[PDB]
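Residue numbers (the authors' numbering), protein chains in the order written: chain d, 8 to 528; chain e, 33 to 560; chain b, 4 to 520.
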Amino acid sequence: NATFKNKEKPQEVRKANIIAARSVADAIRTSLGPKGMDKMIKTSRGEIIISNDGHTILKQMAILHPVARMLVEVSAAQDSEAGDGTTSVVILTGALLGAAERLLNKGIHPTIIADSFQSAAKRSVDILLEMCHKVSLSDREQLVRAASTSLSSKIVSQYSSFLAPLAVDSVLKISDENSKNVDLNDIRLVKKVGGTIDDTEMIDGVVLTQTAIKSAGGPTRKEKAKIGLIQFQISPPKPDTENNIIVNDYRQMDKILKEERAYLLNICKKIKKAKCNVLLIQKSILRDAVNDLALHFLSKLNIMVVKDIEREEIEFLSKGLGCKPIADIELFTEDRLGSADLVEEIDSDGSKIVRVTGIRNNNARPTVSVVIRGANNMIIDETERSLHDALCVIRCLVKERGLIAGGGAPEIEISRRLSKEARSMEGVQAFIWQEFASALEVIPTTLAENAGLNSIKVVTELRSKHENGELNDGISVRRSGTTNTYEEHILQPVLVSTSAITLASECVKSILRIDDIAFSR
Amino acid sequence: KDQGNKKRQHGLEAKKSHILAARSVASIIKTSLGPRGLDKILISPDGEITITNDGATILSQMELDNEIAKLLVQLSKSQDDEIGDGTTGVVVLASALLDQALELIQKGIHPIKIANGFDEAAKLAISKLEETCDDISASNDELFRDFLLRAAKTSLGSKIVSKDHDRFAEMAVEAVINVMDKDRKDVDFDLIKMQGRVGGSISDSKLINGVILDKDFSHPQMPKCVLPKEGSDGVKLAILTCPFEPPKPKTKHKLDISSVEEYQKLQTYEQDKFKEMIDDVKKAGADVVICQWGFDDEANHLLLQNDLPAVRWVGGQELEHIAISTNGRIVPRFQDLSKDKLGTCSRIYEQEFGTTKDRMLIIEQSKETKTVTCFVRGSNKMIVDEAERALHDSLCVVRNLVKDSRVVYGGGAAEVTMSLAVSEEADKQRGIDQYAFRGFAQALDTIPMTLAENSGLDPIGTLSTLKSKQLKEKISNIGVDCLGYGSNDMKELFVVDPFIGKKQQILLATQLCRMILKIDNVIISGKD
Amino acid sequence: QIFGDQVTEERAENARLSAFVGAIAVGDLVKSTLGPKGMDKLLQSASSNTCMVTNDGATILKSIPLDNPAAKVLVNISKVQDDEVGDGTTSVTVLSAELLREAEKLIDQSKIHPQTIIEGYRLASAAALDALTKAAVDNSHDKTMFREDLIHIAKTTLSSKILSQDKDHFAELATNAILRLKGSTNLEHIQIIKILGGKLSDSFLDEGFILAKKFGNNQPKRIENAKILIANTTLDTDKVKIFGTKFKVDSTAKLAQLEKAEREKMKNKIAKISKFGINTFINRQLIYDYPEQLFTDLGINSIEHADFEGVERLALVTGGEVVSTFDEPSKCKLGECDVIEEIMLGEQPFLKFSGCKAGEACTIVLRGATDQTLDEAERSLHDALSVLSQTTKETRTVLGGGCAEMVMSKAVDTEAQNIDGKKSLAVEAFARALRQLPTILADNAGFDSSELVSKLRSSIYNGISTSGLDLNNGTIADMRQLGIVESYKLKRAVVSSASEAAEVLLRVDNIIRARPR
C-alpha cells in the first residue's frame, strides 16, 4: 500500500525520553507505601538526606533530564491540590510511559495515544464517583474519623482525638458551600517551643509569629486598638550619607539627645493622629525597628509595638486583617487601619505568643491562624506538617465530596469497568483501553511488593473477591493480607485518585508532545 | 628581517598560480552578472545593511590574501569613480584574457608578447566597433529623451523601483544635466549628493536643486518658511566661518570676576556682543544664518525676535556647496558681510517628510546650479539604501550617454560584433601576433556565453546562432536575451549601451591584464 | 582567505544545500508544530534550568541561535509575515521549506533555470490566488444589515476629528466610497480634491475622476467619444538645461534652423500619434505651441501636467496603460470615456470625465475654509476608509481543512497543462507543496495522510470542489456542512510570503554570511 513516508525520525527522541523518565519512576516506585524502600541522595555540598517522600527526593535529585523534571511539577501539583500521593502519581506516570512503549512499537502515532489517555481519564473519574461513598460536610462524624486515622502515622496519636475537630471546625468555616477549592495558605500554623500538644487555641481572628517589646516600657497588652502594617522604620536621624556621633562638649549630649527625641516624637505624633495603638513593622536587618527613646514615647501614648514581622506574614496580615502595606509615614492613614478588640501577649513557657481577636472587618473573611505548642523541637515541626495532611484530606472533600477506601481498591475498580468497556470500542483506541487498564494495575502491584507480600498472589485474591464485594476489597498493611479496608479505618478522598489520574494523563500527554531537543541560548 | 613565513614565487610557478587566482574571483561574480543574477547580502563594518548585486560594492567588501585578485580591487576603485557599473564586466573580460593568455604561454609565447598582443587587438576592436556604432542626437531628438528614460529603466528593473521607475527615470536625467555643461560633458559624483532617510515611500522622493544640511531651524518657534520679502534679490543667507560668541583674545583666554559688579557687567557685555553680531546680519539683509558651530540659548532668543532662523553645526565641506549653488562667498569675519557676499537662492522652507522627526530644510534654486542633492524616501532603511544605489546606478548610465552621443546596442551583441571583426582580421595579420588576435576574439566570446548561462540558454548554441544572424543575413546587432521577451534582436527593443562606457571597459580590462602579466613574482612578508 | 571577520562565502555545492536542506532543517523545527494538534519543542540553555516548552513558531525560530547564514534569511521573512498579521508564521516557513524541498529535484534531476523556476511560481501563484477568489465565501451575508453597519462604524471613526461637525453627510461619503467600488479598496481608486472658499458640509461624491488642470487654449470644453492615449515625452525644449552648449553656425538664422529640424523630428512622433486614431492625448510634460497646433488640425486634445499618480489613476478608471513609449502602431492598451466636460468649482476650472470604459472608482472632493480643514480631513478620511475596507477584506474567509490547499492544486495543475517546455516541472512542483500542507496537518493528527490526500485530490478533480479533510473523524466530508472556514487574507499572506521568500533563495548560487553585530 501507500502510507506516509516518515522521513524524520522523531521516535528516537521520544523513546529516549520515555526510557529515561521510566527509570526515574522505577526509582521512586520502591518508595511507595510506609514499608517502601528509602532512597539516598548525596548533595554536591556533602549533605546526605534519607526519606521516602516522592516530592522531596525528586526536588533534591537535581535531574538534568528535561522530561523527568516535569515529575517535580506534577508532584508539586499533587501536593498542592490533593496533598497526598506524590509517589503514586509518579508511578502511574511511569506506568503509562511503559505502556506507551508497546504502543509505539505497533506503529501508533502519539496523538491517538495522548487523546486516548485524556478520554480514559475523564471516564475513570465518573467510574469512581458512581462507586464512591457519598459524604457531606454537614456530617462531623466522618470528618473527625478521617483526620484521626490520618494522624496515626504521625508522632501525635492519643492527642489526635482533640486535634481532629480543630482541623474540621477550621475547614467548615472557610469551606462555605459552593466555594469549592479554598486556599490552605489562609491557614497559618505558628509553631513555638514550650507548652504541650494538648494546649491549642483556634483564635479565628489572626495570630502573629513573634513576641512584643522586651525593653523597658513595653505595654505588651492593649484593649480596643487599631492594627496596621508599616514598612517604615522608627530610628534617629540617618541621612543617606555617612553619619557619626561625635560629642566633644558637655552641652552637645543634650543637644543631640533632644534632636533625636524630637524626630522620634514627630513619627509617634503622626501615628497618634490616626489613633493606631498596635504597630506592625516589617523585619529588616539594616537598621533597628523602634529606638529605645521612642519606646518611652509610645508607652505614654499606650501604643503596643510588635516588631520583627517576617516578610512572609506581610502578605498574610494584609489579607486576614484587611489592611494594606504602608511604605512611608506619609502613606499612613486611618482608612488602611483595622479595628481589633483585644491585642495581648499570652504568657507561656518559652513562647510568649501574641494573639488578636475581633478583626471587625466585613471585607475580611474567616481566615484561620492556629498556634502549635510543644516541648521538643521535633514535636512542633512534624505537628505542623501532620496538620497539613489533615487539612488536605478534608479540603478534598470540600471540592469533590465522597471518599474511596484505599489499598488498591480504586485502581482495581476502574480496571474491571474498562475491561468490559474496551470491547465496546473500535479501532486503534480499543487496544489502548486494555493497555490503560494494565498500567493501572502497577499501583496495587507495588503496594504488595513493598509490603513483602507476594505480588501476583495478592492481586489475584483481590480480583477474585471483586466479584462479590465492590469497594471493600483492597490491600491492608496492618493485616498483612487481603481483607476489608473500610473496617480497618483506611480511608482516602476521591480528589487524590482523581488528581493522580488527571495529572498523569496530562503529563504523559505533554511528554509525547516533545519530538525534538534543541539547544537554545 | 622577517625571514620566516616569507612567500616567494618564480616564473615556472607563479604564471600558473596567477591564472588560478583570477579564475576563483571571476567565477564568484559570474552568478551575479546580468539582471537575472543573484543579489548578495552585504554588511559594511560601519553597520550599513544592504542587499545588491553591484560588483563595485561586492568586490570592495572582499578581503583576501591573493595578490592577483587585489589588482581587481585596485582597478574597480578607479573604475567606480569613472563608471561604477562596469565592475562585473571588466573582471570577467580581464579573466577571459588571462584564460587565453595561459594558453599562449603553453604554446611558447612570452607574457610580454601577450601584453602587446592584446594592446594591438584592443585598438583594432575600437575602430571596428566605431564603424558599426550609431548616434542619437544626430538621429532623433525625441528618442534621446526616450533613450535616457529606458536606459535607467534597465538598471531599475531588477529593484523594487520597477513599479515607480517612471518618476526616478526623470529624476536621474535632470540630476546629471544640472551638474554638467553640454559642451564640456564633465560630471562629478561629488556634485550630486545622494541622501535618504527612513519613512514615507519611494513615490514621495523629491529632486532638490540645492543643499540639505538636515536642520530643524533650531528653535521651533522660528518660522518654517522664508519669503522673498517683497521682491528682493533671491533669498540671502549668511555663511560664517567663526562661531557665535563674544570674541576672546589669543594671548590671555582668562576672565577674572572679582565680585557681582564685574559679574553683572561681563554678563551684559556678552549680551551686547550678541546684539552687535546680529546687526551685521540685519545690515547685510541675510534671512537665515548658517554657522559651523552651535549657538547658545540667548542666541536663539534674539534670532527669534527678529524672525531670523538659525543653522547649527555645518561641516566645512557643506559650506563650499552652499556658496557655489547660491552664488555666495565665504566671509571669514563677522563685519565683512554684505549683500554681494550672501548666497542667493530661490526660497527656503522646512518640509515635513512623513512621520519622520528630522524635519529637514530644502533650499532650491531656479537657475542651474553646480550642486544637486537627491533625496530618497522609503518605508524601511534597507529599501532606502536599495533605491538610493539603484538611482545612483541610473546616474552613472546617463552620465556616459550624455558624455558620448554615439551608443552601441548591448545585450551581448556588442561583444559578438567586436569578436567577429577581430577574428576576420586575425588571419590577415601574420606572425606570432596572429594567435594573440585569435585569442582576443575568443576571449570576447566569454561575455555573451556568461550572460547566456545566467539566462537559461545554451552558451555555445546561442553564441553560434548570433554569429550566423550577423553574417549570412546582414550585419546588425542581435544579442542574447537578458530579460524576458518574445524573440531576438535587442535592436528592436532599443536597448543601448554607451560607446564611451563600453570603450572604457575594454581599455581597463586590457590595461590590467597587461599589468598582471608584468608581475611574475610575489613577495609577501610574514607577521613579526 | 576571502572576506574575513566571521564573514565567508559558502561553496556553490554547499550553498545550494544550505539554502535548501539548511532551510528545511529550520523549517523542520516548525514542521511538526503546525496546526492545533501539532507537537511541541524544547529550548534549553547552558544553565539548563532556564528551559521552557512551547509550540509557538515565532518563539522557537527567534530563540534558537542560527549559525546557518541562509537561516537568517528565513528570520527576515518571518518578520515580514509578522508585520502583516501575527498569525501564520509557522505555515509560511513550512510552505517555504516544501517549495525548497522540491527545488532540489528542480535542479539535480531536472536542469531548469532557477529564475524560470521563480517565474514558474509567479504564474502558478497567480492561478493559486485566482482559485482562492473563485472559492472565496464571506460572513458578509445579510449585506442589507452590513451596509447599514458600515455607516455607523464610519461615524465612530470621525470622533475627535474636525469632520465630527456633520456625521451623517461625511459617513455617507466614506461608505459610498467603498461599497460602490466593487473591487480593490486601495486608496489608488479614490481621488482627493482639496479646494478652498466653502463649507465642509458642501462636499459631494463624484465618480467622474475630477482633476485640477485643464487642457488646450482655444480647444473646446467638451469632448464626445474620447479616445485616451497615455504617454510620457518632452515635446517642448528637451534637455531642460541648455546652458554650456556651443552651437557652431555662420549666422543666427542657422541656429534656429536646427530648432526647425527638431520641429521636423516632432512630426515623426506626431505621425505615430495620429496612427492610433485618438482625439485625446495625455502627457506629463509640456508641449510647445507648434506641435500643439498640429494637434488642433488632427483634432487631438492634450491634457498636460498630470504628474504620475494622476496618470496611473487615469489608467485604472479608463483601462489604460502607463507605457511612455511607442513600440509599434496599433499595438497597445487604450482607454476611453464617453464625455469630457470642463466645470468650475472654487473659482478654478476643473475637468469632469463621464462614461469611462468599465470604470469603477470615485473622487471625493473636500471643500474646506482653510488649509487646516483640508489636510486634517484627508488624513482622517483615509483612516475611516481603512476601517471600512478592513471589514471587506477580513471576515471574508475560504473553505479550510485541506480544501483550499487542494483547490489551488487543481488550478496549478491546470496551469501545468498549458505551459512552455522548461517550466512544466517548475509549475507542477508548486502544486506538490500545496498538497503537502494538508499532508503535514494530517501527520500531527495521527492519521494516514497518503490515503486522505490522495482521495481528496481525486474527489475535487472530478466534481465536488467543496470537499475537505476532517481531522476529527479521519475522513473526507463537505466543508460547507461542517462549517470549517479559514481567512482569505491569511491565505493570500502565506502565498505571497512564500513567493517572496523563494524569490531570494532560488536565485542563490552562493551564500554571503552576514557580519555579526
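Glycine residues also receive a C-beta, built at the ideal position from the N, C-alpha and C atoms.
- With fewer than 16 other beta carbons inside 10 angstroms of its own, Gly434(d) counts as exposed.
- About 6 Å separates the Cβ atoms of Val440(e) and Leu161(e), confirming a contact at the 8 Å cut-off.
- For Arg528(d), the C-beta contacts it makes with chain b under 8 Å involve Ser48, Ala49 and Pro68, in order along the chain.
- Taking a Cβ-Cβ cut-off of 9 Å, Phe438(d) has no neighbours in chain b, whose nearest Cβ is about 14 Å from it.
- Residue range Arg225 to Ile233 is occupied by the beta strand (DSSP E) that includes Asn228(b).
- In the same chain as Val252(b), and ignoring 5 residues on each side of it, the C-beta atoms closer than 7 Å to its own belong to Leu258, in chain order.
- In this model, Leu338(d) and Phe239(d) are separated by some 10 Å (Cα to Cα).
- Comparing C-alpha distances from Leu99(d) to each of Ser506(d), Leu308(d), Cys139(d) and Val163(d) shows the shortest one belongs to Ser506(d).
- Between the alpha carbons of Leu269(e) and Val320(e) lies a distance of about 5 Å.
- Taking CB atoms only, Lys458(b) has no neighbour in chain d less than 7 Å away.
- Against chain d, the beta carbon of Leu45(b) has neighbours under 8 Å at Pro73, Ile521, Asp523, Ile524 and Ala525, listed in chain order.
- Using a Cβ distance threshold of 7 Å, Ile80(b) and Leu32(b) do not count as a contacting pair.
- Against chain b, the CB of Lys256(e) has no partner CB under 7 Å away; the residue lies outside that interface.
- From the listed residues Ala180(b), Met148(b), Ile165(b) and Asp86(b), the smallest Cα separation to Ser389(b) is found for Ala180(b).
- Considered as a whole, the region 426-485 of chain b harbours 427-448, 452-464 and 482-485 as its complete alpha helix (DSSP H) runs of no fewer than 4 residues, in chain order.
- For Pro352(b), no alpha helix (DSSP H) run applies; the uninterrupted beta strand (DSSP E) run containing it begins and ends at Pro352 to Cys359, by DSSP.
- Taking the C-beta atoms as reference points, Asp329(e) is found no nearer than 7 Å to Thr82(e).
- The C-beta separation of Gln93(e) from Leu74(e) comes to about 5 Å, placing the pair in contact by the 8 Å criterion.
- Contact between the region 471-481 of chain e and the region 520-528 of chain e is not established, with fewer than three Cβ pairs separated by less than 8 Å.
- Checking the DSSP bridge columns, you'll see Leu103(d) has no partner listed.
- With distances taken between CA atoms, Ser508(e) lies nearest to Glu447(e) out of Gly189(e), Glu420(e), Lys139(e) and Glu447(e).
- Residue environment: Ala69(d) is assigned as exposed (fewer than 16 neighbouring CB atoms within 10 Å of its CB, all protein chains considered).
- Here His333(e) is exposed: its Cβ has fewer than 16 other Cβ atoms, across all protein chains shown, within 10 Å.
- DSSP, read as helix, strand or coil, puts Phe149(b) in helix.
- Linking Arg431(e) to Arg199(e) through their CA atoms gives a straight-line distance of about 18 Å.
- Within chain e, the residues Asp215 have their CB atoms less than 7 Å from the CB of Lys249(b), given in chain order.
- Between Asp436(e) and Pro530(e), the CB-CB gap stays under 7 Å.
- Cβ-Cβ separation between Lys506(e) and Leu452(e): approximately 13 Å, too far for a contact (criterion under 8 Å).
- Just measuring C-alpha positions, the residue of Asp117(e), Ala128(e) and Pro77(e) sitting nearest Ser56(e) is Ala128(e).
- Scanning chain e for C-beta atoms nearer than 9 Å to the C-beta of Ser461(b) yields nothing, as the closest lies near 35 Å away.
- Around the beta carbon of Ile26(d), a 10 Å sphere encloses fewer than 16 other beta carbons of the protein chains shown; the residue is thus reported as exposed.
- Contact annotation for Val29(b) against chain d: no contact, minimum CB-CB distance about 11 Å [criterion: below 9 Å].
- Assignment of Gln466(e) by DSSP, reduced to helix, strand and coil, places it in the helix class.
- Residues of chain e with a Cβ closer than 7 Å to the Cβ of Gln4(b) are, in chain order, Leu96 and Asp97.
- By the Cβ rule, the region 403-414 of chain e counts as touching the region 225-235 of chain e, because three or more pairs are nearer than 8 Å.
- Residue pairing from DSSP places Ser490(b) in a beta bridge opposite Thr400(b).
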